[PDB]
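Reviewing the structure listed below.
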Amino acid sequence: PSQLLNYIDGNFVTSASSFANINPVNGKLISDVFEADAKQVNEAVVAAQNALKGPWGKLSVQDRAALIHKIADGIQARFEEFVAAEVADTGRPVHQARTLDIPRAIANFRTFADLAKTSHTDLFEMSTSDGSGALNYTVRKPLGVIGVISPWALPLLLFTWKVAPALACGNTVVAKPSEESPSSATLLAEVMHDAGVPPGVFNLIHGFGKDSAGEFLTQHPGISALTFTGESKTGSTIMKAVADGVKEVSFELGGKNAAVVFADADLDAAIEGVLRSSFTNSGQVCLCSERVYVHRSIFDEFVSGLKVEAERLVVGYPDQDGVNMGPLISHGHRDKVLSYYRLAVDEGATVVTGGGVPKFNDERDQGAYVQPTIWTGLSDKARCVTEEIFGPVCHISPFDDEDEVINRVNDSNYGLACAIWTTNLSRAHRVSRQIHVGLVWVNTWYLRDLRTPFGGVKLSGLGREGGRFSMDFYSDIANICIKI
Amino acid sequence: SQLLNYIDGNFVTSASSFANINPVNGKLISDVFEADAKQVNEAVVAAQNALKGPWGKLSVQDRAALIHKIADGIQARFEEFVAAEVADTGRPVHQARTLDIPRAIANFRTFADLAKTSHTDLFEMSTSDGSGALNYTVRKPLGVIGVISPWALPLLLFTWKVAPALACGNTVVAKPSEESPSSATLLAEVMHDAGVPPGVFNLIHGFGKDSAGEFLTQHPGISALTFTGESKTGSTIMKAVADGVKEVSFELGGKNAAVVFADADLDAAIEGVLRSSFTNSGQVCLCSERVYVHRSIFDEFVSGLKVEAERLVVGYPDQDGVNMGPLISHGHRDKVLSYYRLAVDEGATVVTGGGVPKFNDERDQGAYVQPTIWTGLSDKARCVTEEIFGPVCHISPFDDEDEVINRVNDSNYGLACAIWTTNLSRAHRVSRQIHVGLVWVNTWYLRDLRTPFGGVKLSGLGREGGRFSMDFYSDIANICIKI
Amino acid sequence: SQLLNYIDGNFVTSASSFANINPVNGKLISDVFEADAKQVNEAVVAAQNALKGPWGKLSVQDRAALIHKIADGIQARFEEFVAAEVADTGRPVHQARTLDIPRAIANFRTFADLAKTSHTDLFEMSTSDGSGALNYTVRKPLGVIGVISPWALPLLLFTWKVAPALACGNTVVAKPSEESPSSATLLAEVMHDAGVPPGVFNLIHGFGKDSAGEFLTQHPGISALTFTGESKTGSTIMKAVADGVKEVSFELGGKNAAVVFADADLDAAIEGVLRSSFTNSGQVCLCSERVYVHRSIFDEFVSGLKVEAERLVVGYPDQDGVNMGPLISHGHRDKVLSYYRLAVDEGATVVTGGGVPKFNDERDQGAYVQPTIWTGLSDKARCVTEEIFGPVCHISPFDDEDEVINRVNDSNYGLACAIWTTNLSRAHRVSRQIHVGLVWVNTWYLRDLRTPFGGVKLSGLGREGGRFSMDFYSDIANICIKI
Amino acid sequence: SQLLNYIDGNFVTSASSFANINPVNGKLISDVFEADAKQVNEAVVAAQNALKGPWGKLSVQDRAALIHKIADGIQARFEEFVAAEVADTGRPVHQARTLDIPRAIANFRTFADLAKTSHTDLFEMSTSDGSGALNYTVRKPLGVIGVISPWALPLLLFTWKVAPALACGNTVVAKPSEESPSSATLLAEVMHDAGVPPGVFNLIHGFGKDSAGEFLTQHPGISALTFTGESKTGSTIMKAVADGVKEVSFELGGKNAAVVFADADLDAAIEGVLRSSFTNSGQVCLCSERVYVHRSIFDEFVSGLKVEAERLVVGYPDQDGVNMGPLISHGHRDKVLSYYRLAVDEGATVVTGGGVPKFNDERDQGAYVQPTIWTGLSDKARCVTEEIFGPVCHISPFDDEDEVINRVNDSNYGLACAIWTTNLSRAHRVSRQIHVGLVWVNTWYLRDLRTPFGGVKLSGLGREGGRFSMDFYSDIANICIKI
Ligand SMILES: NC(=O)c1ccc[n+]([C@@H]2O[C@H](COP(=O)([O-])OP(=O)(O)OC[C@H]3O[C@@H](n4cnc5c(N)ncnc54)[C@H](O)[C@@H]3O)[C@@H](O)[C@H]2O)c1
Ligand SMILES: NC(=O)c1ccc[n+]([C@@H]2O[C@H](COP(=O)([O-])OP(=O)(O)OC[C@H]3O[C@@H](n4cnc5c(N)ncnc54)[C@H](O)[C@@H]3O)[C@@H](O)[C@H]2O)c1
Ligand code: NA
Ligand code: NA
Ligand code: NA
Ligand code: NA
């Protein structure tokens, strides 16, 4: 019964085609979503381009930031509706949407609004032959129209992570959320409209990737930049697509993240930590650990403790009492994950726990659930230990030596994140620095400070966002050089 | 003269060689060994391995000291570097001697010093448990940097990339333009004699497509590709590195405007536009090929510029009084002439030049053309829109401030712009509205290595210079410690 | 109406009290309780203890949220704050409404936001053993900040100190000017109602010598003394805290010049100098009391300024079209008129003003003077060298740029300068040569809370504003870890 | 041997001289000419004038190259500087050769490089008229910097101030400790031979009160006084410059603690505390004179330290394997020995040392004392609270983490602290709660010139190092352009 419209030039509009939004909990229809055609994408980009020359473009940084705080207020005012939207689309446990996702999304807008108010640029004085000198100063200007394309994992969070700094920097936006999670972004458009954001400043287009809204956005010469979060192969495709236009790009892509547990770790803390890093969001966060290395001396105790804890996870309804894990995002994704589950056994894995789907004997059997899964026994070369699965799974392997484990962690075409567990001062700092990734946590997992640079190396992405890196990426950096 | 590749600390020949030609007289200067795919792979592998050797264990202080030794090595062979740039390119000796070589030395010393003085950030955060966490950032070497450079001011542009790559602790596989391989070869020698470890700096010669340049861009062993050249080449490379999701930096083409307002110092502006139009015979990406002059001073401006253009001395690089050398090559000369023709066919008035000079000596075998000025073309003419990269500019009157801003911005390029006015508000008000990476007011071509440099639209993506180089040529990583 | 001290979460009276008088008409506004040394001790002890309470346990986010609540509390009682400033000082209602109260609110919000967005530094270093070390800096609360503020723009200058002090997690003992105690007392109420913990913010009323002010500077329990006021007071306080080696920040007096070059927009400059000379009745430290005008435009300038000055409306703070209220007090007026006499004895020509207006109503019992303009004095005249702090300026011709730079700088003060010129080079060349902390070009009084602010010579020491406030109000500590 | 003042380009004698004595043997090294108030004035006036000279017109690049020349000049006379430091101070040759002189050289190179690489800020703002405004900051020379330095690590602490002062374009009047005049005089020769313009660097010899030191602080011609020495001297100087409101930087006394937790590497902590207690024979402000050791390892720590301390070779600066030279002077030894007796009277157990060694040669005429270890004193003992500045530490057990932090902080000093622990959380959690400017974890005395350095409480005011030096030794001015 829910209908999700595009939002283009201050108007909610339908489209010729619509597609189904399906609750992964039970397989039921949540909404019809109007798919934007290439003409509507053009309408969005053109509206965005024009909006830069309107009231939005005349706003002082201070007024622009106040307006963005008004966006945040509007989300706050409709808090539980945003909670319901994320949960409906994704099966995410209510407790997590309510305590993490929606507050972080609000925090995205408030933080980048504040960064925009407090930020400044540089002055460089130079001597010249005639001895009267010159000044060089830098300015940040809006880059122009920012195309945003985002994934279904933590959808409102990752979507606003891009939309907030884009708007804070004075840009206008055309944004295409994942076909699998279009609700909260649609709600966000409403908040934009109600908050009085000028027509064309924020445009929402629904659709898929290839031969749809996503691809049409990437091929449009009217955009100044494409920021993207998704699969590595999608990243590469988009990088080719914007190449003729030499568009500014930012890619946050896949990973195969390791957690390392050294002999001097707090073992109970590491078990809890790896449990969370492996299975949070049912293993569907780019920051999850799918490879785990544990020192040989504590390997058996670690594996036994994690098995016990994993089998205590409650897989069930998003608002079921004590639920820890919802379903995967889709039947399609479940079929891929189970295909890896089979592959693991075929590759010689011992299945410590899970390896299948739960049996509910109710509507959830029509959903997309899988069991949290632990493997041992695979060599570092097994596909299941090298390819990103994006499910609730980890393979655990022993190690003996510090340099050895660092090399095995780094032996990967991905390099997003790593978590290290140790109580030793030197070890924490020495080892972290040698890990080839964009983010290392020591003795925790999933702490995010919006001020810090974030991104990956190798196939995990290019560039960094967060803090000044967002303020620089979403801005045109220009040098004005004045001869005195 | 023979120009060898430099790979894993060894000067090596190849299966094929191509000719380096002196553009002053069309003579052979050197044969140049073209690296093949096998040799490019050897260079990339050596670079990868070098990261694990003595280079990778140097303190930032020692690394910078070694980089200062590289610069010292260039200073000590200063005139050999001058001779090499001049021979390859036809660049006036005084310019190579006073600008190019010193700037090249400056690149190394400046980025070495930036590396020593740089630092990163600390963020403290509170947590639920109430014991907090520390987040700090570190700069690490990115890995292997692939450098591909052009023929315009070759040593300068080459070392502009190589210096910060090495300063940030990277290793380098570098492919200089086929037209200008000499100074880069000399640099390899300097690096060798300075005692730079094998594999740290690798020099590979050749072309782009189906040659060393392409092979480098396709190699999965590199961590980044930094490039300066034509926009179409940039696009091609961006596609090539896309599957590996390599870090990229693109400094591409332009069609820069100069704007002279009614309140400009007219004599200063005439001199300014002269230099910006014809320096290096118009073969610098920062050159002005479009000029907008306020209608009230238009005729006087064009008159004065013509006179100054015609006083320009076009000859030998070591000739007394020389202002302009030849174009880089006969092929480039053909292209530029083809444009000289197109302009006329497009309805242009040839205010001066429009052809080639006649010397009646070896220089007629060279690739000289004349400093040229056009008027009377539409904003929509090809000669006013496409990059020519010769000693030419078109001059058009303008009337209003908002008008000229729009006309300057009406371009798929956005590299640089120069503005001439004596008015305080106008200088800042206008500069800020030009859609380019760099605006000069009342001067041309001041460059400070600390400032961010780059273009918008087809003129490129990203910035280098100062902290932008320190951040581009480094892995930026975030380490979060729960306490 | 009675104004109490606010100590350890309680409003308290004292054994002695003093009058708060409306300068518009000499009428009693309130009785103000003077803190004795015992109460100042209580305040400092309470502030030390609050550092160990819930205040000291807040995350930066929660502390900043509380500061925004303080700001919200002022916004909610906006008109009461307006009334308080106007009552105490005679300040025009229009200015209190559009500048002072909003700026005070902005002080809290800006510094709260700076606190949330601020970070510190990480330095990596190599060691012999080759394992290396990390040095990181942290900002921690400095401790108890003593704040002593003046009567010029009282809530603005008070909150300019109190806000970053609280933003950095300090606790505060603050002593506002005895001439303007109301808005600070209102602020205490806002803090109380906002639920700011007891002892975090303490308000003590009184005078300087042998009163609350001196008692604060002499107390060994404070960690810093930040001060805005007369230069001689600054010196006195610098001596007083010397045995404790307390951190200090001084914003002191000035004798600011405005310079009008021949290429200035003449109407703009007349308007600019009119405002810089007579705003707040000449009672801002940023006012111009010396004006230098190029000889070519001197007579026209002076005539234009005379006419505009004579159109200024001097009168009631809420009178329609009012430009100037009274001076702060009869004592200040006695000083200012003494300078009015002195100027004539030194040989001044009185272009306009030079006395007191005649109202034939209650304002005759207030402390009004006329806006006044002098010419004909030498640069050595006392009236041209000593700070008067009234609505007055002397105007003098100059011929040469280097000359006027030297004459502007020839002073024991160095707070601010304003320059009027439409020339691009001149603005930048000249401004850079003026020995002050702040130069404006083609405007006056623009303040951005992100920028450093302060003076040189007798005008102060140190800077506050943006990062300088974040660093002054914090302990900057270095933690160096051997890896 | 004669040590002259250096004023306005000339070495000059004075009316009276004083004796420079070798503390190794009590023998006369040099006659030092004491500058009178008249000569101090000559110095300041010359420094003021050199600001308007060639020095004032150098580009930052040229200034920096000249400072590198100074560093080169020190390098060229390397062993002469070693000899000078050793003769004045009894410092072991090996240490002067490996630490002191190379650090002094590094002070000049690092700050010259910081000068070249530094930049400032641009803030854009909106205005009611809607046209906006630019605010930019500039760093300019502050003016004449007065430098007053101590005898502990003389050349190091002297150049630590002179280098940044010069790198920021100031001129300098510098007064080294009467106990250590030689290396500073040699430095003057280096500046002269490097062709530093006259007046830029001036050297005045003499004492403090009633001598060159006091006269410098009282001269109104200086712009700042930067000081390293005793806390009481600091307070005296802060009072002296107060009427002038001179910029000040104070690096003062300390009573630093080392804390050894039970999870420390015990052998590393023993070697670390041995060095922190006895390096330079206990005569560095960064030395540990209080040590707290967890009770579980107390007896073993104390036994291990006693054994290492009794292995230290006390003797001639070039004696083989020498670890400790003499104290700086007989007067200082008398003070240290008075404390040695006081400790006994206060009830201390003398674990080792407690007197002077017997050499049976000329060293008995010197100023040697033994490395000394006490236990058994209460935290309220004078010997545990007052700075001794000798080769001594008291060692006390502790039980709790919050307890030891409180005992470390229970001091009117707050310069530095060293903590020894292998635990990640503890290192970071404990370090941030120590109320000092500098905490080392698992090392002692690592200094990086980029980091802010200073103390809290009686240990100082302000910070120098890195950007804090570039900002302290510069005028920070804000230029605001209305567009
Ligand atoms: N933005 C700047 O700062 C800047 C500076 C100087 C020159 N330029 C531009 O450079 C152009 C002129 O130089 P150019 O003629 O040498 O440019 P170019 O693109 O033709 O060649 C540049 C380099 O790339 C190589 N190359 C060519 N094809 C390649 C491929 N398919 N794969 C990999 N490498 C390949 C060449 O061998 C050469 O080394 C002009 O457009 C000029 O504006 C820009
Ligand atoms: N905080 C630091 O970084 C640091 C570094 C080294 C030493 N110190 C401290 O230095 C002290 C020891 O050195 P010191 O004995 O040479 O210090 P000191 O205070 O006795 O003398 C230092 C300098 O000040 C001069 N002086 C003395 N009285 C003066 C006066 N009334 N006016 C002007 N100048 C005067 C002296 O001539 C000398 O040049 C110790 O307390 C030590 O802790 C601190
Ligand atoms: Na869905
Ligand atoms: Na050529
Ligand atoms: Na009053
Ligand atoms: Na001596």
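Following the order of the structure tokens, first chain is A, next is B, and so on, with residues numbered from 1 inside each chain and ligands from 1 in the order they appear.
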
Exercise for review: Would you list the residues that come within 7 Å of ligand 5? Count only C-alpha atoms and all ligand atoms and give the answer as JSON, numbers by chain.
Suggested key: {"C": [20, 21, 22, 23, 88, 89, 179, 180, 328]}

Exercise for review: Could you tell me, counting only C-alpha atoms and all ligand atoms, which protein and nucleic acid residues lie no more than 12 Å from ligand 6, written as a ChimeraX atom specification?
Suggested key: /D:18-32,84-91,150-152,154,176-183,326-332,366-367

Practice item. Please identify the residues whose atoms come within 8 Å of ligand 1, using only C-alpha atoms and all ligand atoms, and report them as a PyMOL selection string. Key: chain B and resi 148-153+157+175-179+206-217+227-234+236-237+240+250-254+283-286+387+389+415+453-455+459-460

Review point. Chain C residues within 6 Å of chain D, counting only C-alpha atoms: which ones, as a PyMOL selection string?
Key: chain C and resi 235+238-239+242-243+245+247+437-443+458+461+477-482

Practice item. Name the residues of range 31-142 of chain A that come out as strand (DSSP E) in a backbone DSSP run; write them as a PyMOL selection string. Key: chain A and resi 31-35+121-126+134-142

Next, dump the selected residues to file, keeping only N, CA and C atoms, as a PDB file, in the first residue's frame.
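Generated output (part.pdb):
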```pdb
ATOM      1  N   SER A  31       5.852  -1.844  -0.495  1.00  0.00           N
ATOM      2  CA  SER A  31       5.576  -0.654  -1.280  1.00  0.00           C
ATOM      3  C   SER A  31       5.819  -0.836  -2.762  1.00  0.00           C
ATOM      4  N   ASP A  32       5.202   0.039  -3.550  1.00  0.00           N
ATOM      5  CA  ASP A  32       5.557   0.181  -4.949  1.00  0.00           C
ATOM      6  C   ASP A  32       6.458   1.398  -5.063  1.00  0.00           C
ATOM      7  N   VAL A  33       7.503   1.268  -5.867  1.00  0.00           N
ATOM      8  CA  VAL A  33       8.510   2.307  -6.003  1.00  0.00           C
ATOM      9  C   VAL A  33       8.615   2.713  -7.463  1.00  0.00           C
ATOM     10  N   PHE A  34       8.343   3.978  -7.756  1.00  0.00           N
ATOM     11  CA  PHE A  34       8.418   4.453  -9.138  1.00  0.00           C
ATOM     12  C   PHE A  34       9.846   4.592  -9.639  1.00  0.00           C
ATOM     13  N   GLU A  35      10.167   3.854 -10.702  1.00  0.00           N
ATOM     14  CA  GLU A  35      11.514   3.846 -11.263  1.00  0.00           C
ATOM     15  C   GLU A  35      11.733   5.030 -12.213  1.00  0.00           C
ATOM     16  N   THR A 121      40.130  28.324   5.205  1.00  0.00           N
ATOM     17  CA  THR A 121      41.127  27.919   4.219  1.00  0.00           C
ATOM     18  C   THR A 121      42.481  28.571   4.473  1.00  0.00           C
ATOM     19  N   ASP A 122      43.321  28.648   3.442  1.00  0.00           N
ATOM     20  CA  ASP A 122      44.737  28.956   3.666  1.00  0.00           C
ATOM     21  C   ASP A 122      45.201  30.233   2.988  1.00  0.00           C
ATOM     22  N   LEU A 123      46.224  30.860   3.566  1.00  0.00           N
ATOM     23  CA  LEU A 123      46.839  32.043   2.980  1.00  0.00           C
ATOM     24  C   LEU A 123      48.321  31.721   2.848  1.00  0.00           C
ATOM     25  N   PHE A 124      48.885  31.991   1.670  1.00  0.00           N
ATOM     26  CA  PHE A 124      50.304  31.767   1.411  1.00  0.00           C
ATOM     27  C   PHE A 124      50.905  33.054   0.851  1.00  0.00           C
ATOM     28  N   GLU A 125      51.881  33.619   1.555  1.00  0.00           N
ATOM     29  CA  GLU A 125      52.567  34.823   1.085  1.00  0.00           C
ATOM     30  C   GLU A 125      53.826  34.407   0.347  1.00  0.00           C
ATOM     31  N   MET A 126      54.134  35.108  -0.741  1.00  0.00           N
ATOM     32  CA  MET A 126      55.304  34.766  -1.542  1.00  0.00           C
ATOM     33  C   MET A 126      56.079  35.992  -1.974  1.00  0.00           C
ATOM     34  N   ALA A 134      53.424  38.741  -3.461  1.00  0.00           N
ATOM     35  CA  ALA A 134      52.119  38.258  -3.888  1.00  0.00           C
ATOM     36  C   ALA A 134      51.451  37.478  -2.767  1.00  0.00           C
ATOM     37  N   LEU A 135      50.122  37.404  -2.819  1.00  0.00           N
ATOM     38  CA  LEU A 135      49.337  36.604  -1.880  1.00  0.00           C
ATOM     39  C   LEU A 135      48.684  35.481  -2.642  1.00  0.00           C
ATOM     40  N   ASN A 136      48.707  34.283  -2.065  1.00  0.00           N
ATOM     41  CA  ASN A 136      47.913  33.201  -2.602  1.00  0.00           C
ATOM     42  C   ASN A 136      46.920  32.758  -1.549  1.00  0.00           C
ATOM     43  N   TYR A 137      45.635  32.878  -1.846  1.00  0.00           N
ATOM     44  CA  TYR A 137      44.674  32.311  -0.911  1.00  0.00           C
ATOM     45  C   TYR A 137      43.789  31.249  -1.561  1.00  0.00           C
ATOM     46  N   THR A 138      43.391  30.258  -0.775  1.00  0.00           N
ATOM     47  CA  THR A 138      42.525  29.205  -1.276  1.00  0.00           C
ATOM     48  C   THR A 138      41.102  29.468  -0.821  1.00  0.00           C
ATOM     49  N   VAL A 139      40.142  29.037  -1.630  1.00  0.00           N
ATOM     50  CA  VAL A 139      38.743  29.096  -1.209  1.00  0.00           C
ATOM     51  C   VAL A 139      38.068  27.762  -1.461  1.00  0.00           C
ATOM     52  N   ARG A 140      37.051  27.454  -0.663  1.00  0.00           N
ATOM     53  CA  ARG A 140      36.162  26.341  -0.960  1.00  0.00           C
ATOM     54  C   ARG A 140      34.894  26.890  -1.606  1.00  0.00           C
ATOM     55  N   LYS A 141      34.553  26.372  -2.779  1.00  0.00           N
ATOM     56  CA  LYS A 141      33.303  26.740  -3.433  1.00  0.00           C
ATOM     57  C   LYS A 141      32.534  25.446  -3.615  1.00  0.00           C
ATOM     58  N   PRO A 142      31.207  25.531  -3.792  1.00  0.00           N
ATOM     59  CA  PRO A 142      30.467  24.310  -4.136  1.00  0.00           C
ATOM     60  C   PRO A 142      31.067  23.684  -5.387  1.00  0.00           C
TER      61      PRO A 142
END
```

**Study point:** Exercise: residue 281 in chain A partners within 8 Å, only C-alpha atoms, chain neighbours under 6 positions left out, as a PyMOL selection string
**Key:** chain A and resi 92+325-326

Let's have the selection written as an mmCIF file, in the first residue's frame, with C-alpha atoms.
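The resulting file, part12.cif, is reproduced below:
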```cif
data_model
loop_
_atom_site.group_PDB
_atom_site.id
_atom_site.type_symbol
_atom_site.label_atom_id
_atom_site.label_comp_id
_atom_site.auth_asym_id
_atom_site.auth_seq_id
_atom_site.Cartn_x
_atom_site.Cartn_y
_atom_site.Cartn_z
ATOM 1 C CA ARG A 92 17.065 -4.675 10.876
ATOM 2 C CA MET A 325 19.916 -10.948 13.984
ATOM 3 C CA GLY A 326 17.322 -10.298 11.332
#
```

Practice item. Give the residues close to ligand 3, within 8 Å, counting only C-alpha atoms and all ligand atoms; write them as a VMD selection string. Key: chain A and resid 21 to 24 30 88 to 90 179 to 182 329 to 330

What does the file look like for those residues with N, CA and C atoms, as a short mmCIF file (atom, residue, chain, number, x, y, z; two decimals), in the first residue's frame?
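As a result, selection_0.cif now contains:
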```
data_model
loop_
_atom_site.label_atom_id
_atom_site.label_comp_id
_atom_site.auth_asym_id
_atom_site.auth_seq_id
_atom_site.Cartn_x
_atom_site.Cartn_y
_atom_site.Cartn_z
N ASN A 21 8.92 -3.31 -3.47
CA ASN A 21 9.74 -3.23 -2.26
C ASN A 21 9.24 -4.35 -1.34
N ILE A 22 10.10 -5.33 -1.05
CA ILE A 22 9.68 -6.54 -0.33
C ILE A 22 10.33 -6.71 1.04
N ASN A 23 9.53 -6.89 2.09
CA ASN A 23 10.06 -7.16 3.43
C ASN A 23 10.83 -8.47 3.48
N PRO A 24 12.15 -8.41 3.74
CA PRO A 24 12.92 -9.66 3.75
C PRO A 24 12.57 -10.56 4.95
N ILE A 30 5.83 -4.37 0.62
CA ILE A 30 5.79 -3.20 1.49
C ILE A 30 5.31 -1.99 0.71
N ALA A 88 11.41 -1.93 8.12
CA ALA A 88 10.54 -2.53 7.11
C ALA A 88 11.35 -2.97 5.90
N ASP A 89 12.17 -2.07 5.35
CA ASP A 89 12.95 -2.38 4.16
C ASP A 89 14.00 -3.46 4.41
N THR A 90 14.55 -3.55 5.61
CA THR A 90 15.79 -4.34 5.71
C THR A 90 15.76 -5.48 6.70
N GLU A 179 17.74 0.04 -4.72
CA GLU A 179 16.39 -0.45 -5.00
C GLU A 179 15.86 -1.30 -3.85
N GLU A 180 16.78 -1.90 -3.09
CA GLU A 180 16.40 -2.73 -1.95
C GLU A 180 16.03 -1.92 -0.71
N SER A 181 16.23 -0.61 -0.69
CA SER A 181 15.95 0.11 0.55
C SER A 181 15.61 1.56 0.29
N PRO A 182 14.42 1.79 -0.30
CA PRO A 182 14.12 3.13 -0.80
C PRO A 182 13.27 3.95 0.16
N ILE A 329 19.16 -9.22 3.28
CA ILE A 329 18.35 -8.22 2.59
C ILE A 329 17.37 -8.80 1.57
N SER A 330 17.70 -9.94 0.98
CA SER A 330 16.89 -10.45 -0.12
C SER A 330 17.11 -11.93 -0.37
#
```

**Study point:** Contact residues (chain A, partner chain C, 9 Å, only C-alpha atoms) as a ChimeraX atom specification
**Key:** /A:111,114-115,117-120,132-133,135,425-427,429-430,451,467,482-484

Check your understanding: With only C-alpha atoms and all ligand atoms as the basis for distance, which of D:203, D:258, D:343, D:307 is at the shortest distance from ligand 2?
Key ->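 The shortest atom-to-atom distance to ligand 2 comes from D:203.
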
Exercise for review: Looking only at helix (DSSP H, G or I) from DSSP on the backbone, list the matching residues of range 371-478 of chain B as an NGL selection string.
Suggested key: :B and (382-385 or 401-409 or 424-431 or 457-459 or 466-472)

**Study point:** Distance in Å - CA of residue 16 in chain B versus CA of residue 160 in chain B
**Key:** 28.8 Å

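Taking only C-alpha atoms and all ligand atoms into account, ligand 2 lies nearest to D:226 out of the set D:39, D:226, D:338, D:202.
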
Practice item. Can you pull out every residue within 8 Å of range 386-394 of chain A, counting only C-alpha atoms, but drop anything in the same chain fewer than 2 positions away, and send it as a ChimeraX atom specification? Key: /A:254-256,278-280,282-286,289-292,328,337,340,370-375,380-384,396,412

**Study point:** Distance of CA of residue 185 in chain A from CA of residue 27 in chain A, expressed in Å to one decimal place
**Key:** 21.2 Å

Exercise for review: Have a look at C:59, C:370, C:14, C:319 and name the one nearest to residue 93 in chain C; count only C-alpha atoms.
Suggested key: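 Between C:59, C:370, C:14, C:319, the residue approaching residue 93 in chain C most closely is C:319.
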